[PDB]
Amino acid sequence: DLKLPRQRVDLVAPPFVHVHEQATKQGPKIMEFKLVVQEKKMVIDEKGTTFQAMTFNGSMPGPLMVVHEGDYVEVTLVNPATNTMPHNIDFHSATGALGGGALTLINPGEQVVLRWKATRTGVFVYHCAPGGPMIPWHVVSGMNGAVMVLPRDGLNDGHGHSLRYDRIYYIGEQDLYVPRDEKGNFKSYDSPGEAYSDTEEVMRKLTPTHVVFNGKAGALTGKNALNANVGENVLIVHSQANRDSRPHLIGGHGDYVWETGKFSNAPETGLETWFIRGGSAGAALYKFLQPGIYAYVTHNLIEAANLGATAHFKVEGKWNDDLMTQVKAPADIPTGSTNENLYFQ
């Protein structure tokens, strides 16, 4: 009885996003997505530590889905028989049945089709939630992503002016809880079920061993740094399904930030650092003004530098010496300088 046009969307691996319109004059459609659960061993840090992960579509995070207010979203969730456990999906964007989790529980070898109406704008988490202690375990094993529900007129500044991004990236942050042996080395396991008991003990102490973007320490540095150009307005969606985070663009700002992630609320302006509450997605716009490397971190700097939570942007363009300049390069402290008379000595 729901007589609307159907459109199939092909998702892409984060931190990229499938193509979409920002503002649209198309009416509501049924937007069709497919997510396939994949349990597999994954490498999660620069020393090669492996982890028994569980994913949507083989990535941590799962891919970003993008629709417009009033669309219907029809998700086929597939759990191949190569997997060992039941899985489901819960959309924080959806209304009813535990976000869809109570309608999508599938054993290996099965698939299910859920439809939810996109009545709430913003970026939102989706994650697996099978029941009881399996909920946190599936989520911290990798089974979470995000969906963006755009207004049909695209984003605005909360004061009646349109905003448009030239570029979008999705940064999924994952807290991981990897057991260690008596000597302090990370332990390896042959299957998720084998890893569970030891992993649950680490989870109970609430302190992650790794905090990563795009599934691994160093995923978005080096060759895989994020590209941008001076003058571009870049939307950075950030999600964390289980634990708080405090994003910060080193050398930049958040020009417009929806830290609670919901476009019915005006963004805040000119933030240094914002706050993603565990169990949510937020979004920040920034117009790059300077070329060079930027680090994007959670600004618990221990997590950023020592547990894996740093991405880079590589921005091309011309340097603006009015905004910042090195007036004098490093030089020997003048013989004549008198710093021993300063108030704090």
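Just count from 1 along the sequence shown to find any residue number.
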{"item": "Greater mean Cα temperature factor according to the PDB record, 268-276 or 219-227", "value": "219-227"}
{"item": "Mean C-alpha B-factor comparison - 23-31 and 49-57, higher one", "value": "23-31"}
{"item": "Residue with highest C-alpha B-factor in the PDB entry, from 208, 131, 254, 172", "value": "131"}
{"item": "Which of 95, 260, 214, 82 ranks first by CA B-factor in the deposited coordinates", "value": "82"}
{"item": "Third of the chain's Cα B-factor distribution that residue 138 belongs to, per the entry", "value": "lowest"}
{"item": "Residue 194 - which third its CA temperature factor falls in, relative to the rest of the chain", "value": "highest"}
{"item": "Record-listed C-alpha B factor of residue 160: chain third", "value": "highest"}
{"item": "Where the record places residue 91 (Cα B-factor, split into thirds across the chain)", "value": "lowest"}
{"item": "Modelled-residue ranking by C-alpha temperature factor, third containing residue 99", "value": "middle"}
